[PDB]
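Source file: input-v3.txt. Holds: compact mmCIF, N, CA and C atoms.
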```
# COMPACT_ATOMS: atom_id res chain seq x y z
N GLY W 1 114.46 3.95 25.04
CA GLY W 1 113.64 4.06 23.85
C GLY W 1 112.43 4.96 24.09
N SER W 2 111.29 4.51 23.59
CA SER W 2 110.05 5.25 23.74
C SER W 2 108.88 4.29 23.94
N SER W 3 108.69 3.43 22.96
CA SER W 3 107.61 2.46 23.01
C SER W 3 107.62 1.59 21.75
N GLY W 4 106.83 0.53 21.80
CA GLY W 4 106.74 -0.38 20.67
C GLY W 4 107.07 -1.81 21.09
N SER W 5 106.29 -2.75 20.56
CA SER W 5 106.48 -4.15 20.88
C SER W 5 106.81 -4.93 19.60
N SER W 6 108.03 -4.75 19.13
CA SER W 6 108.48 -5.43 17.93
C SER W 6 107.35 -5.45 16.89
N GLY W 7 107.14 -4.30 16.27
CA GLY W 7 106.10 -4.17 15.26
C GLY W 7 104.84 -4.93 15.67
N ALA W 8 104.11 -5.40 14.67
CA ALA W 8 102.89 -6.14 14.91
C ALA W 8 102.89 -7.41 14.05
N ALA W 9 101.74 -8.07 14.03
CA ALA W 9 101.59 -9.29 13.26
C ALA W 9 100.11 -9.65 13.17
N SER W 10 99.86 -10.83 12.60
CA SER W 10 98.49 -11.30 12.44
C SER W 10 97.72 -10.36 11.52
N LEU W 11 98.46 -9.62 10.72
CA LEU W 11 97.86 -8.68 9.79
C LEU W 11 97.86 -9.28 8.39
N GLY W 12 96.68 -9.33 7.79
CA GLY W 12 96.53 -9.88 6.46
C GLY W 12 95.11 -10.41 6.24
N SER W 13 94.81 -10.72 4.99
CA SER W 13 93.50 -11.24 4.63
C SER W 13 93.64 -12.36 3.60
N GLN W 14 92.50 -12.84 3.13
CA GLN W 14 92.48 -13.90 2.14
C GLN W 14 91.17 -13.87 1.35
N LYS W 15 91.23 -14.42 0.15
CA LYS W 15 90.06 -14.46 -0.72
C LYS W 15 89.51 -13.04 -0.89
N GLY W 16 88.57 -12.91 -1.81
CA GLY W 16 87.95 -11.63 -2.08
C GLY W 16 87.13 -11.15 -0.88
N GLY W 17 85.86 -10.88 -1.14
CA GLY W 17 84.96 -10.41 -0.10
C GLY W 17 83.67 -9.86 -0.69
N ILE W 18 83.05 -8.95 0.05
CA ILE W 18 81.81 -8.33 -0.40
C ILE W 18 82.07 -6.87 -0.74
N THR W 19 80.98 -6.14 -0.96
CA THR W 19 81.07 -4.74 -1.31
C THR W 19 79.71 -4.20 -1.75
N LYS W 20 79.64 -2.89 -1.88
CA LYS W 20 78.40 -2.24 -2.29
C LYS W 20 78.59 -0.72 -2.26
N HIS W 21 77.90 -0.05 -3.17
CA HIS W 21 77.98 1.39 -3.26
C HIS W 21 76.66 1.95 -3.79
N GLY W 22 76.34 3.16 -3.34
CA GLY W 22 75.11 3.81 -3.76
C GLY W 22 74.79 5.01 -2.86
N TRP W 23 73.81 5.79 -3.29
CA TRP W 23 73.40 6.96 -2.54
C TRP W 23 72.33 6.53 -1.54
N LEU W 24 72.64 6.72 -0.26
CA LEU W 24 71.71 6.36 0.80
C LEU W 24 71.18 7.63 1.46
N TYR W 25 70.35 7.43 2.48
CA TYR W 25 69.77 8.54 3.20
C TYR W 25 70.07 8.43 4.70
N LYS W 26 71.18 9.03 5.10
CA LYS W 26 71.58 9.01 6.50
C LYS W 26 70.70 9.97 7.30
N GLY W 27 70.50 9.64 8.56
CA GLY W 27 69.68 10.46 9.44
C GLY W 27 70.40 10.72 10.76
N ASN W 28 69.66 11.31 11.69
CA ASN W 28 70.20 11.62 13.00
C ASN W 28 69.69 10.61 14.02
N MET W 29 68.43 10.22 13.85
CA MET W 29 67.81 9.26 14.74
C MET W 29 67.63 9.85 16.14
N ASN W 30 66.41 9.77 16.63
CA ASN W 30 66.09 10.29 17.95
C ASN W 30 64.68 9.85 18.35
N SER W 31 64.27 10.28 19.53
CA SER W 31 62.95 9.94 20.03
C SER W 31 61.89 10.32 19.00
N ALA W 32 61.52 11.59 19.00
CA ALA W 32 60.52 12.08 18.07
C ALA W 32 60.87 11.62 16.65
N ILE W 33 59.99 11.94 15.72
CA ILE W 33 60.19 11.57 14.34
C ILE W 33 60.95 12.68 13.61
N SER W 34 60.40 13.88 13.71
CA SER W 34 61.02 15.04 13.07
C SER W 34 62.50 15.11 13.45
N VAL W 35 62.83 14.47 14.56
CA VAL W 35 64.21 14.46 15.03
C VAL W 35 64.92 13.22 14.49
N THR W 36 64.18 12.12 14.46
CA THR W 36 64.73 10.87 13.97
C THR W 36 65.33 11.06 12.58
N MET W 37 64.62 11.82 11.76
CA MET W 37 65.07 12.09 10.40
C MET W 37 65.85 13.40 10.34
N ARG W 38 65.46 14.33 11.20
CA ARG W 38 66.12 15.63 11.25
C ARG W 38 66.55 16.05 9.85
N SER W 39 65.63 15.91 8.91
CA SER W 39 65.90 16.28 7.53
C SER W 39 66.80 15.23 6.88
N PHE W 40 66.21 14.07 6.61
CA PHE W 40 66.94 12.98 5.99
C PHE W 40 67.79 13.48 4.81
N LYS W 41 69.10 13.36 4.97
CA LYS W 41 70.02 13.80 3.94
C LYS W 41 70.53 12.58 3.16
N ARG W 42 70.87 12.81 1.91
CA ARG W 42 71.37 11.75 1.05
C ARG W 42 72.88 11.86 0.89
N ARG W 43 73.54 10.71 0.93
CA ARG W 43 74.99 10.67 0.79
C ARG W 43 75.42 9.37 0.11
N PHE W 44 76.60 9.41 -0.48
CA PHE W 44 77.14 8.25 -1.17
C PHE W 44 77.89 7.34 -0.19
N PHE W 45 77.26 6.21 0.11
CA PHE W 45 77.86 5.25 1.03
C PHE W 45 78.71 4.23 0.27
N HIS W 46 80.01 4.28 0.54
CA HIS W 46 80.95 3.38 -0.10
C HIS W 46 81.49 2.39 0.93
N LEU W 47 81.55 1.13 0.52
CA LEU W 47 82.05 0.08 1.40
C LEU W 47 83.50 -0.24 1.03
N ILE W 48 84.32 -0.38 2.06
CA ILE W 48 85.73 -0.68 1.86
C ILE W 48 86.19 -1.66 2.94
N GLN W 49 87.10 -2.54 2.54
CA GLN W 49 87.64 -3.53 3.45
C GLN W 49 88.92 -3.02 4.10
N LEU W 50 88.86 -2.85 5.41
CA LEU W 50 90.01 -2.37 6.16
C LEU W 50 91.22 -3.24 5.84
N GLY W 51 92.39 -2.73 6.20
CA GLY W 51 93.63 -3.45 5.95
C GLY W 51 93.84 -4.55 7.00
N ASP W 52 92.91 -5.49 7.01
CA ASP W 52 92.98 -6.60 7.95
C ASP W 52 92.01 -7.70 7.52
N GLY W 53 90.82 -7.27 7.13
CA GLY W 53 89.79 -8.20 6.69
C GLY W 53 88.39 -7.66 6.98
N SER W 54 88.32 -6.82 8.01
CA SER W 54 87.05 -6.23 8.40
C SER W 54 86.56 -5.28 7.30
N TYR W 55 85.30 -4.88 7.44
CA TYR W 55 84.70 -3.98 6.47
C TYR W 55 84.18 -2.71 7.15
N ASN W 56 84.46 -1.58 6.51
CA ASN W 56 84.03 -0.29 7.04
C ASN W 56 83.21 0.44 5.99
N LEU W 57 82.06 0.94 6.42
CA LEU W 57 81.18 1.67 5.52
C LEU W 57 81.46 3.17 5.64
N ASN W 58 82.08 3.70 4.59
CA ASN W 58 82.41 5.12 4.56
C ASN W 58 81.54 5.82 3.52
N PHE W 59 80.91 6.90 3.95
CA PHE W 59 80.05 7.67 3.06
C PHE W 59 80.67 9.03 2.74
N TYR W 60 80.55 9.42 1.48
CA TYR W 60 81.09 10.69 1.03
C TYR W 60 79.98 11.63 0.57
N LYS W 61 80.37 12.85 0.24
CA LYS W 61 79.42 13.85 -0.21
C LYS W 61 78.91 13.47 -1.60
N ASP W 62 79.78 12.81 -2.36
CA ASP W 62 79.43 12.38 -3.70
C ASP W 62 80.03 11.00 -3.96
N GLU W 63 80.12 10.67 -5.24
CA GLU W 63 80.68 9.38 -5.64
C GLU W 63 82.21 9.43 -5.60
N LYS W 64 82.74 10.61 -5.88
CA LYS W 64 84.18 10.80 -5.87
C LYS W 64 84.71 10.57 -4.46
N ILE W 65 85.24 9.37 -4.24
CA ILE W 65 85.78 9.02 -2.94
C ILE W 65 87.30 9.22 -2.96
N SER W 66 87.99 8.30 -2.30
CA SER W 66 89.44 8.37 -2.23
C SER W 66 89.87 9.35 -1.14
N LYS W 67 89.30 10.54 -1.21
CA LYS W 67 89.61 11.58 -0.24
C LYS W 67 88.98 11.23 1.11
N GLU W 68 89.04 12.18 2.02
CA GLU W 68 88.48 11.98 3.35
C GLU W 68 86.95 12.01 3.29
N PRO W 69 86.34 10.87 3.71
CA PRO W 69 84.89 10.75 3.71
C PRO W 69 84.27 11.55 4.86
N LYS W 70 82.95 11.63 4.84
CA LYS W 70 82.23 12.36 5.87
C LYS W 70 82.31 11.58 7.18
N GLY W 71 82.40 10.26 7.05
CA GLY W 71 82.48 9.40 8.22
C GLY W 71 82.56 7.92 7.80
N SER W 72 82.79 7.08 8.79
CA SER W 72 82.90 5.65 8.54
C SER W 72 82.19 4.87 9.65
N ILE W 73 81.44 3.86 9.24
CA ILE W 73 80.71 3.03 10.19
C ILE W 73 81.51 1.76 10.48
N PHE W 74 81.85 1.58 11.75
CA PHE W 74 82.61 0.42 12.16
C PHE W 74 81.72 -0.83 12.21
N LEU W 75 81.41 -1.33 11.03
CA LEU W 75 80.57 -2.52 10.92
C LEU W 75 81.07 -3.58 11.90
N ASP W 76 82.37 -3.55 12.15
CA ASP W 76 82.98 -4.50 13.06
C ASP W 76 82.25 -4.45 14.40
N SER W 77 81.61 -3.32 14.65
CA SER W 77 80.87 -3.13 15.89
C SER W 77 79.37 -3.27 15.63
N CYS W 78 78.97 -2.86 14.44
CA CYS W 78 77.57 -2.92 14.05
C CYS W 78 76.99 -4.23 14.58
N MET W 79 75.88 -4.10 15.29
CA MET W 79 75.21 -5.26 15.86
C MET W 79 74.31 -5.94 14.83
N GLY W 80 73.56 -5.11 14.12
CA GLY W 80 72.65 -5.61 13.10
C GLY W 80 71.82 -4.48 12.49
N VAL W 81 71.17 -4.79 11.38
CA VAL W 81 70.34 -3.81 10.70
C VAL W 81 68.87 -4.08 11.04
N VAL W 82 68.20 -3.02 11.49
CA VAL W 82 66.80 -3.12 11.85
C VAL W 82 65.95 -2.47 10.76
N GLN W 83 64.65 -2.67 10.87
CA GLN W 83 63.72 -2.11 9.90
C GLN W 83 62.82 -1.06 10.57
N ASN W 84 63.03 0.18 10.17
CA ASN W 84 62.26 1.28 10.72
C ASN W 84 60.86 1.27 10.10
N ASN W 85 60.77 1.80 8.89
CA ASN W 85 59.50 1.85 8.19
C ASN W 85 58.76 3.13 8.58
N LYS W 86 58.77 3.40 9.88
CA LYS W 86 58.10 4.59 10.40
C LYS W 86 58.58 5.82 9.63
N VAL W 87 59.86 6.11 9.77
CA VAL W 87 60.45 7.25 9.10
C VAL W 87 60.05 7.23 7.62
N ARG W 88 60.63 6.28 6.90
CA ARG W 88 60.34 6.14 5.48
C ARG W 88 59.92 4.71 5.16
N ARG W 89 59.39 4.53 3.96
CA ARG W 89 58.95 3.22 3.52
C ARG W 89 60.13 2.24 3.51
N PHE W 90 61.25 2.72 2.99
CA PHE W 90 62.45 1.90 2.91
C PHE W 90 63.60 2.54 3.70
N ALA W 91 63.50 2.44 5.02
CA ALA W 91 64.52 3.00 5.89
C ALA W 91 64.86 1.98 6.98
N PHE W 92 66.15 1.77 7.17
CA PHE W 92 66.62 0.84 8.17
C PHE W 92 67.61 1.51 9.13
N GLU W 93 67.53 1.12 10.39
CA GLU W 93 68.41 1.67 11.41
C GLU W 93 69.56 0.71 11.69
N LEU W 94 70.74 1.28 11.88
CA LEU W 94 71.92 0.49 12.16
C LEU W 94 72.19 0.49 13.66
N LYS W 95 72.01 -0.67 14.27
CA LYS W 95 72.23 -0.82 15.70
C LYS W 95 73.72 -1.03 15.96
N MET W 96 74.39 0.07 16.29
CA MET W 96 75.82 0.02 16.57
C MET W 96 76.08 -0.54 17.97
N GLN W 97 77.36 -0.65 18.29
CA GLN W 97 77.76 -1.17 19.59
C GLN W 97 78.41 -0.06 20.42
N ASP W 98 78.77 1.02 19.74
CA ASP W 98 79.41 2.14 20.40
C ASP W 98 78.33 3.12 20.88
N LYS W 99 77.24 2.55 21.37
CA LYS W 99 76.14 3.36 21.87
C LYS W 99 75.73 4.37 20.80
N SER W 100 74.82 3.95 19.94
CA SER W 100 74.34 4.81 18.87
C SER W 100 73.77 3.96 17.73
N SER W 101 73.21 4.65 16.75
CA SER W 101 72.62 3.98 15.60
C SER W 101 72.40 4.98 14.47
N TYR W 102 72.66 4.51 13.25
CA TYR W 102 72.49 5.35 12.08
C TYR W 102 71.17 5.04 11.37
N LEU W 103 70.59 6.08 10.78
CA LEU W 103 69.34 5.94 10.07
C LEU W 103 69.61 5.93 8.56
N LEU W 104 69.60 4.74 8.00
CA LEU W 104 69.85 4.58 6.57
C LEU W 104 68.51 4.41 5.85
N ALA W 105 68.51 4.78 4.57
CA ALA W 105 67.31 4.67 3.76
C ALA W 105 67.70 4.71 2.28
N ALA W 106 67.08 3.82 1.52
CA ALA W 106 67.34 3.74 0.09
C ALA W 106 66.18 4.36 -0.68
N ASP W 107 66.36 4.45 -1.99
CA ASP W 107 65.33 5.02 -2.84
C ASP W 107 64.26 3.97 -3.12
N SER W 108 64.71 2.73 -3.24
CA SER W 108 63.81 1.62 -3.50
C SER W 108 64.03 0.50 -2.49
N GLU W 109 63.04 -0.36 -2.37
CA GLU W 109 63.12 -1.47 -1.44
C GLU W 109 64.43 -2.23 -1.64
N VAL W 110 64.72 -2.54 -2.89
CA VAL W 110 65.93 -3.26 -3.23
C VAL W 110 67.13 -2.55 -2.60
N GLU W 111 67.36 -1.32 -3.06
CA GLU W 111 68.47 -0.53 -2.55
C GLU W 111 68.45 -0.51 -1.02
N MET W 112 67.28 -0.78 -0.47
CA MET W 112 67.12 -0.80 0.97
C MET W 112 67.40 -2.20 1.54
N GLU W 113 67.06 -3.20 0.74
CA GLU W 113 67.26 -4.58 1.15
C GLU W 113 68.72 -4.99 0.92
N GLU W 114 69.27 -4.53 -0.19
CA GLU W 114 70.65 -4.84 -0.53
C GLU W 114 71.57 -4.52 0.64
N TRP W 115 71.52 -3.27 1.07
CA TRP W 115 72.34 -2.83 2.19
C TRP W 115 72.02 -3.72 3.39
N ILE W 116 70.74 -3.79 3.71
CA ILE W 116 70.29 -4.60 4.83
C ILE W 116 70.93 -5.99 4.74
N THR W 117 71.22 -6.39 3.52
CA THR W 117 71.84 -7.69 3.28
C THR W 117 73.36 -7.58 3.34
N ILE W 118 73.86 -6.46 2.83
CA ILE W 118 75.30 -6.22 2.82
C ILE W 118 75.79 -6.07 4.26
N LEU W 119 75.33 -5.00 4.90
CA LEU W 119 75.72 -4.73 6.27
C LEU W 119 75.55 -6.00 7.11
N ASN W 120 74.36 -6.57 7.03
CA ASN W 120 74.06 -7.78 7.76
C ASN W 120 75.13 -8.84 7.47
N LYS W 121 75.48 -8.94 6.19
CA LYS W 121 76.49 -9.89 5.76
C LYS W 121 77.76 -9.69 6.58
N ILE W 122 78.34 -8.50 6.43
CA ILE W 122 79.56 -8.17 7.14
C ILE W 122 79.31 -8.29 8.65
N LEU W 123 78.10 -7.96 9.05
CA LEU W 123 77.72 -8.03 10.45
C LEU W 123 77.79 -9.48 10.92
N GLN W 124 77.03 -10.32 10.23
CA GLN W 124 77.00 -11.74 10.57
C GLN W 124 78.36 -12.38 10.30
N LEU W 125 78.95 -12.01 9.18
CA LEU W 125 80.25 -12.54 8.80
C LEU W 125 81.30 -12.07 9.81
N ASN W 126 81.11 -10.85 10.30
CA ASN W 126 82.03 -10.28 11.27
C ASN W 126 82.13 -11.21 12.48
N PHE W 127 81.01 -11.87 12.77
CA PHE W 127 80.96 -12.79 13.89
C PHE W 127 81.77 -14.05 13.61
N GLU W 128 81.60 -14.56 12.40
CA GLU W 128 82.31 -15.76 11.98
C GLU W 128 83.76 -15.43 11.64
N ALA W 129 83.99 -14.17 11.30
CA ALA W 129 85.32 -13.72 10.95
C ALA W 129 86.19 -13.69 12.20
N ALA W 130 85.58 -13.30 13.31
CA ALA W 130 86.28 -13.23 14.57
C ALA W 130 86.82 -14.62 14.93
N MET W 131 85.92 -15.59 14.90
CA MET W 131 86.29 -16.96 15.21
C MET W 131 87.24 -17.53 14.16
N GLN W 132 87.17 -16.95 12.97
CA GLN W 132 88.03 -17.39 11.88
C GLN W 132 89.42 -16.77 12.01
N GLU W 133 89.44 -15.52 12.43
CA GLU W 133 90.69 -14.80 12.60
C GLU W 133 91.41 -15.28 13.86
N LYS W 134 90.62 -15.53 14.89
CA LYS W 134 91.16 -15.99 16.16
C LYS W 134 92.13 -17.15 15.90
N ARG W 135 91.67 -18.09 15.08
CA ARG W 135 92.48 -19.25 14.75
C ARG W 135 93.04 -19.11 13.33
N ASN W 136 93.73 -18.00 13.11
CA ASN W 136 94.33 -17.74 11.82
C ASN W 136 95.31 -16.57 11.94
N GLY W 137 96.59 -16.91 11.90
CA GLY W 137 97.64 -15.91 12.01
C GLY W 137 98.24 -15.59 10.64
N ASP W 138 98.75 -16.64 10.00
CA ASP W 138 99.36 -16.49 8.69
C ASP W 138 98.49 -15.57 7.83
N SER W 139 99.02 -14.39 7.56
CA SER W 139 98.31 -13.41 6.75
C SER W 139 99.24 -12.25 6.40
N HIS W 140 99.00 -11.69 5.22
CA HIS W 140 99.80 -10.57 4.76
C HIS W 140 98.89 -9.40 4.37
N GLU W 141 99.34 -8.20 4.71
CA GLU W 141 98.57 -7.01 4.40
C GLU W 141 99.51 -5.86 4.00
N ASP W 142 98.90 -4.74 3.64
CA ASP W 142 99.67 -3.58 3.24
C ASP W 142 98.78 -2.33 3.32
N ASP W 143 99.28 -1.34 4.04
CA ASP W 143 98.54 -0.09 4.20
C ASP W 143 99.51 1.08 4.14
N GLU W 144 99.12 2.10 3.40
CA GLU W 144 99.94 3.29 3.25
C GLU W 144 99.22 4.33 2.38
N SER W 145 98.63 5.30 3.06
CA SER W 145 97.91 6.36 2.37
C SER W 145 98.11 7.69 3.09
N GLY W 146 98.52 8.69 2.33
CA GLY W 146 98.75 10.01 2.88
C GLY W 146 99.54 9.93 4.19
N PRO W 147 100.89 10.03 4.06
CA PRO W 147 101.76 9.97 5.22
C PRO W 147 101.71 11.27 6.02
N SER W 148 101.98 12.36 5.33
CA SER W 148 101.96 13.67 5.96
C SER W 148 102.34 14.75 4.94
N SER W 149 102.07 15.99 5.31
CA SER W 149 102.37 17.12 4.44
C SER W 149 102.33 18.42 5.24
N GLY W 150 103.21 19.34 4.86
CA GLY W 150 103.29 20.62 5.53
C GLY W 150 103.07 20.47 7.04
```
Step by step, read the file and then write its structure as structure tokens.
Amino acid sequence: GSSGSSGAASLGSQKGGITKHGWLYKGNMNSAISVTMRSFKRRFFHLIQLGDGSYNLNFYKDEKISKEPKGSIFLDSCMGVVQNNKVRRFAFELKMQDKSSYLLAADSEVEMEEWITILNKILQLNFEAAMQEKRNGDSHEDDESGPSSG
């Protein structure tokens, strides 16, 4: 043959979940400030639930998603949301686990708190989800988007 271990399993989810969408202000983050913001750019951050139960924050150039986003944040790794303030009045840093952190910022405190609450939610929930998934096999899922072309 080649490889493969009788397909997979333990794939599926249950109940609804969370979500959130809006234009945020992603940054580069670094020592200095001018670098931390490196020209704070605005992008449409869309939240989507992976085909398992986890949540991934994917941001696009605009609201029109569906297509390939600019990137995706593995909240599954996200450690927690911190509060910068230095950069901007309403700016929070995402403490990732893959050695790195994103500089998010909203237009208003709310838009800044909401995310801080959303991400944190999935972040904190991600912790309880692990222990929940660990002892939870029975589950059904489905994934299939853009197989291939030319």
**Surrounding residues of stretch 25-40 of chain W excluding itself and chain neighbours under 2 positions, 8 Å, only C-alpha atoms, as JSON, numbers by chain** = {"W": [23, 42, 43, 87, 101, 102, 103, 104, 105, 106]}
**Message:** Measuring between only N, CA and C atoms, which one of W:41, W:99, W:79, W:46 shows the shortest distance to residue W:19?
**Reply:**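 Result for the nearest residue to residue W:19: W:46.
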**Prompt:** Looking at only N, CA and C atoms, which of W:54, W:3, W:14, W:49 is the one that sits closest to residue W:140?
**Reply:**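 Closest candidate: W:14.
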Per residue of stretch 4-94 of chain W within 6 Å of stretch 114-126 of chain W, which atom pair is closest and at what distance in Å (one decimal), using only N, CA and C atoms, listed by chain and increasing number, as a tab-separated table?
```
residue	atom	partner	partner_atom	distance
W:75	C	W:123	CA	5.8
W:78	C	W:123	CA	5.7
W:79	C	W:123	CA	5.9
W:80	CA	W:120	CA	5.9
W:81	N	W:120	CA	5.5
```
N, CA and C atoms of the current selection, written as a PDB file, keeping the file's coordinate frame:
```
ATOM      1  N   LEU W  75      81.410  -1.330  11.030  1.00  0.00           N
ATOM      2  CA  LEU W  75      80.570  -2.520  10.920  1.00  0.00           C
ATOM      3  C   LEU W  75      81.070  -3.580  11.900  1.00  0.00           C
ATOM      4  N   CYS W  78      78.970  -2.860  14.440  1.00  0.00           N
ATOM      5  CA  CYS W  78      77.570  -2.920  14.050  1.00  0.00           C
ATOM      6  C   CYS W  78      76.990  -4.230  14.580  1.00  0.00           C
ATOM      7  N   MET W  79      75.880  -4.100  15.290  1.00  0.00           N
ATOM      8  CA  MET W  79      75.210  -5.260  15.860  1.00  0.00           C
ATOM      9  C   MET W  79      74.310  -5.940  14.830  1.00  0.00           C
ATOM     10  N   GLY W  80      73.560  -5.110  14.120  1.00  0.00           N
ATOM     11  CA  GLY W  80      72.650  -5.610  13.100  1.00  0.00           C
ATOM     12  C   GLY W  80      71.820  -4.480  12.490  1.00  0.00           C
ATOM     13  N   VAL W  81      71.170  -4.790  11.380  1.00  0.00           N
ATOM     14  CA  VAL W  81      70.340  -3.810  10.700  1.00  0.00           C
ATOM     15  C   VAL W  81      68.870  -4.080  11.040  1.00  0.00           C
TER      16      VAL W  81
END
```
**Asked** Would you give me, as number ranges by chain, the residues in stretch 35-131 of chain W that DSSP reads as strand (DSSP E)?
**Response** W: 41-49, 55-60, 71-73, 80-83, 91-95, 101-105
**Request:** Name the closest residue to residue W:97 among the candidates W:77, W:84, W:149, W:6; distances are taken between atoms, counting only C-alpha atoms.
**Result:**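 Ranking W:77, W:84, W:149, W:6 by distance to residue W:97, first place goes to W:77.
Near residue W:107, within 10 Å and counting only C-alpha atoms, sit residues 22, 23, 24, 25, 42, 88, 89, 90, 91, 110, 111 and 112 of chain W; same-chain residues fewer than 3 positions away were not included.
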**Message:** If you run DSSP on the backbone here, which positions in chain W get helix (DSSP H, G or I)? Please write them as a ChimeraX atom specification.
**Reply:** /W:33-37,109-134
Output file for the residues above (N, CA and C atoms, as a short mmCIF file (atom, residue, chain, number, x, y, z; two decimals), in the frame of the given file):
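That gives us again.cif:
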```cif
data_model
loop_
_atom_site.label_atom_id
_atom_site.label_comp_id
_atom_site.auth_asym_id
_atom_site.auth_seq_id
_atom_site.Cartn_x
_atom_site.Cartn_y
_atom_site.Cartn_z
N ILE W 33 59.99 11.94 15.72
CA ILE W 33 60.19 11.57 14.34
C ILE W 33 60.95 12.68 13.61
N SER W 34 60.40 13.88 13.71
CA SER W 34 61.02 15.04 13.07
C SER W 34 62.50 15.11 13.45
N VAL W 35 62.83 14.47 14.56
CA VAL W 35 64.21 14.46 15.03
C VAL W 35 64.92 13.22 14.49
N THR W 36 64.18 12.12 14.46
CA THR W 36 64.73 10.87 13.97
C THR W 36 65.33 11.06 12.58
N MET W 37 64.62 11.82 11.76
CA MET W 37 65.07 12.09 10.40
C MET W 37 65.85 13.40 10.34
N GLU W 109 63.04 -0.36 -2.37
CA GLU W 109 63.12 -1.47 -1.44
C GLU W 109 64.43 -2.23 -1.64
N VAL W 110 64.72 -2.54 -2.89
CA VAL W 110 65.93 -3.26 -3.23
C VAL W 110 67.13 -2.55 -2.60
N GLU W 111 67.36 -1.32 -3.06
CA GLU W 111 68.47 -0.53 -2.55
C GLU W 111 68.45 -0.51 -1.02
N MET W 112 67.28 -0.78 -0.47
CA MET W 112 67.12 -0.80 0.97
C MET W 112 67.40 -2.20 1.54
N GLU W 113 67.06 -3.20 0.74
CA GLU W 113 67.26 -4.58 1.15
C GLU W 113 68.72 -4.99 0.92
N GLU W 114 69.27 -4.53 -0.19
CA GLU W 114 70.65 -4.84 -0.53
C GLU W 114 71.57 -4.52 0.64
N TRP W 115 71.52 -3.27 1.07
CA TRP W 115 72.34 -2.83 2.19
C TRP W 115 72.02 -3.72 3.39
N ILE W 116 70.74 -3.79 3.71
CA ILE W 116 70.29 -4.60 4.83
C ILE W 116 70.93 -5.99 4.74
N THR W 117 71.22 -6.39 3.52
CA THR W 117 71.84 -7.69 3.28
C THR W 117 73.36 -7.58 3.34
N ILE W 118 73.86 -6.46 2.83
CA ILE W 118 75.30 -6.22 2.82
C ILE W 118 75.79 -6.07 4.26
N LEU W 119 75.33 -5.00 4.90
CA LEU W 119 75.72 -4.73 6.27
C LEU W 119 75.55 -6.00 7.11
N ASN W 120 74.36 -6.57 7.03
CA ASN W 120 74.06 -7.78 7.76
C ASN W 120 75.13 -8.84 7.47
N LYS W 121 75.48 -8.94 6.19
CA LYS W 121 76.49 -9.89 5.76
C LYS W 121 77.76 -9.69 6.58
N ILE W 122 78.34 -8.50 6.43
CA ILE W 122 79.56 -8.17 7.14
C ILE W 122 79.31 -8.29 8.65
N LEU W 123 78.10 -7.96 9.05
CA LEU W 123 77.72 -8.03 10.45
C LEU W 123 77.79 -9.48 10.92
N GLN W 124 77.03 -10.32 10.23
CA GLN W 124 77.00 -11.74 10.57
C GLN W 124 78.36 -12.38 10.30
N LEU W 125 78.95 -12.01 9.18
CA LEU W 125 80.25 -12.54 8.80
C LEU W 125 81.30 -12.07 9.81
N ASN W 126 81.11 -10.85 10.30
CA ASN W 126 82.03 -10.28 11.27
C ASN W 126 82.13 -11.21 12.48
N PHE W 127 81.01 -11.87 12.77
CA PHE W 127 80.96 -12.79 13.89
C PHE W 127 81.77 -14.05 13.61
N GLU W 128 81.60 -14.56 12.40
CA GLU W 128 82.31 -15.76 11.98
C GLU W 128 83.76 -15.43 11.64
N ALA W 129 83.99 -14.17 11.30
CA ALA W 129 85.32 -13.72 10.95
C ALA W 129 86.19 -13.69 12.20
N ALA W 130 85.58 -13.30 13.31
CA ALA W 130 86.28 -13.23 14.57
C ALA W 130 86.82 -14.62 14.93
N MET W 131 85.92 -15.59 14.90
CA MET W 131 86.29 -16.96 15.21
C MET W 131 87.24 -17.53 14.16
N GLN W 132 87.17 -16.95 12.97
CA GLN W 132 88.03 -17.39 11.88
C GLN W 132 89.42 -16.77 12.01
N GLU W 133 89.44 -15.52 12.43
CA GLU W 133 90.69 -14.80 12.60
C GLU W 133 91.41 -15.28 13.86
N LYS W 134 90.62 -15.53 14.89
CA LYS W 134 91.16 -15.99 16.16
C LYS W 134 92.13 -17.15 15.90
#
```
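The closest residue to residue W:74, picked from W:7, W:136, W:58, W:148 and counting all atoms listed in the file, is W:58.
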**Message:** Residues within 9 Å of (79.5, 8.9, -7.1), file coordinates, counting only C-alpha atoms: what are they? Give the list as an MDAnalysis selection string.
**Reply:** chainID W and resid 21:23 44 60:65
Mind dumping the selected residues with N, CA and C atoms as an mmCIF file, keeping the file's coordinate frame?
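The resulting part.cif:
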```cif
data_model
loop_
_atom_site.group_PDB
_atom_site.id
_atom_site.type_symbol
_atom_site.label_atom_id
_atom_site.label_comp_id
_atom_site.auth_asym_id
_atom_site.auth_seq_id
_atom_site.Cartn_x
_atom_site.Cartn_y
_atom_site.Cartn_z
ATOM 1 N N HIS W 21 77.900 -0.050 -3.170
ATOM 2 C CA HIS W 21 77.980 1.390 -3.260
ATOM 3 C C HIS W 21 76.660 1.950 -3.790
ATOM 4 N N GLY W 22 76.340 3.160 -3.340
ATOM 5 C CA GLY W 22 75.110 3.810 -3.760
ATOM 6 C C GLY W 22 74.790 5.010 -2.860
ATOM 7 N N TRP W 23 73.810 5.790 -3.290
ATOM 8 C CA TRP W 23 73.400 6.960 -2.540
ATOM 9 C C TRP W 23 72.330 6.530 -1.540
ATOM 10 N N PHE W 44 76.600 9.410 -0.480
ATOM 11 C CA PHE W 44 77.140 8.250 -1.170
ATOM 12 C C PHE W 44 77.890 7.340 -0.190
ATOM 13 N N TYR W 60 80.550 9.420 1.480
ATOM 14 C CA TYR W 60 81.090 10.690 1.030
ATOM 15 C C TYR W 60 79.980 11.630 0.570
ATOM 16 N N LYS W 61 80.370 12.850 0.240
ATOM 17 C CA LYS W 61 79.420 13.850 -0.210
ATOM 18 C C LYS W 61 78.910 13.470 -1.600
ATOM 19 N N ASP W 62 79.780 12.810 -2.360
ATOM 20 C CA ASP W 62 79.430 12.380 -3.700
ATOM 21 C C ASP W 62 80.030 11.000 -3.960
ATOM 22 N N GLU W 63 80.120 10.670 -5.240
ATOM 23 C CA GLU W 63 80.680 9.380 -5.640
ATOM 24 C C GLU W 63 82.210 9.430 -5.600
ATOM 25 N N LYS W 64 82.740 10.610 -5.880
ATOM 26 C CA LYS W 64 84.180 10.800 -5.870
ATOM 27 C C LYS W 64 84.710 10.570 -4.460
ATOM 28 N N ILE W 65 85.240 9.370 -4.240
ATOM 29 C CA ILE W 65 85.780 9.020 -2.940
ATOM 30 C C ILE W 65 87.300 9.220 -2.960
#
```
